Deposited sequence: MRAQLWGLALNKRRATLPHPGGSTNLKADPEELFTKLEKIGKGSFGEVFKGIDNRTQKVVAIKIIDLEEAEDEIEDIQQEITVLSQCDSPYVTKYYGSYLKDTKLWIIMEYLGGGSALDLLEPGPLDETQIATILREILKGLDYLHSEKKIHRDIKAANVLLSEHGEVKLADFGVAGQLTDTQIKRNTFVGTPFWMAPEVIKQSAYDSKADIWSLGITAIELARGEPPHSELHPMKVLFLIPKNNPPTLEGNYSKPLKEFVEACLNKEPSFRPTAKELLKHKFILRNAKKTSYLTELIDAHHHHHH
């Protein structure tokens, strides 16, 4: 963390984007390069009890160097405010892109494949994302798909063993929930109170994808959503799943989805 430079001289802060954890996030401009960045500003007086969690997330992001993980550019302390500078992804989140109407299975498979590429990277690095969900999957203006908002080391995407207190297979369960979310718009149990969901996830059989979806997509979901973690496939294995191979296409086609969101 840079304690000498003035981030208000280095960056121009523009409009708020998304909905950041611990602090609001703004579109910003690097005044030296004129590149757009994302800027989170956290008041460290008001967010005192969470400082260790903030530090832990900075450390993890700073150790990641992947096309599939949002890049970390640095942080600055100005008076009581911590500025965190990240890669700007102008397409918004996958969750935002559900708003105009349902995805088709090519779009679902393409987004899942790119998420899987990020999980393959993290798991190979002995890391766990811990909060895979559509709101934490960001798209660039070119359709590139990247992971954001790592979980700290709401229940709807949590694996049963996480709730009951795990390894990288918890991310695979969360991916299965995210696949349902990309197909249906919301995760299982979304109509229920979160305290009820907390006991339902360990108690119940795993969710299935209900509706008129291809059998490969339903089987992709079922494979991720096994109560036994060792029965879930790895991210590497799921990149070869027939649903992915038969349906995923070039990520650049996702710009059509981004444009549809701008037109809605």
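By the record, the deposited chain contains unmodelled runs at 1-23, 177-191, 204-205, 305-306, with no C-alpha atoms placed there.
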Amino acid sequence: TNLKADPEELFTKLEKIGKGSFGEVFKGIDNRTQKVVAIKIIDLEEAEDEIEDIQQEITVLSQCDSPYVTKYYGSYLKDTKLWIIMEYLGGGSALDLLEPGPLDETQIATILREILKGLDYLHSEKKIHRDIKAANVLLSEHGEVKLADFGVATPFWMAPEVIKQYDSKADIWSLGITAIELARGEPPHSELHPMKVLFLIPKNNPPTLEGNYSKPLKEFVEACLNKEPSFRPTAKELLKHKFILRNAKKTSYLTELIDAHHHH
From here on, numbers count along this sequence of modelled residues.
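Between two forms, the rigid core is the largest collection of C-alphas that superpose within 1.5 Å.
Relative to the shown model and aligned on the rigid core, the C-alphas in 5 other deposited structures of this protein deviate most, among 235-243 and 31-39, for 31-39. For the pair 52-60 and 222-230, rigid core superposition yields a higher RMS C-alpha distance in 5 other deposited structures of this protein in 52-60. Compared with other deposited structures of the same protein, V69 does not meet the criterion of being unmodelled in at least one third, since all of those that resolve residues on both sides include it. Across the other entries compared, at least a third leave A47 without coordinates even though the residues on each side are present.
241-249 and 7-15 differ in mean CA B-factor, and the higher of the two is recorded for 7-15.
Of the two segments, 76-84 and 110-118, the one listed with the higher mean B-factor is 76-84 (C-alpha atoms only). Reading the B-factor column for the CA atoms of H189, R184, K71, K126 in the entry, the top value corresponds to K126.
You'll see in the entry that, of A235, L209, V197, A47, the Cα B factor peaks at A47. Sort the modelled residues of the chain by CA B factor and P155 lands in the middle third. Annotation for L139: CA B-factor lies in the lowest third of the chain's modelled residues. In the deposited entry, the Cα temperature factor of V37 places it in the lowest third of its chain's modelled residues. Among all modelled residues in its chain, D96 ranks in the middle third by Cα B-factor. The entry lists a Cα temperature factor for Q56 that places it in the highest third of the chain's modelled residues.
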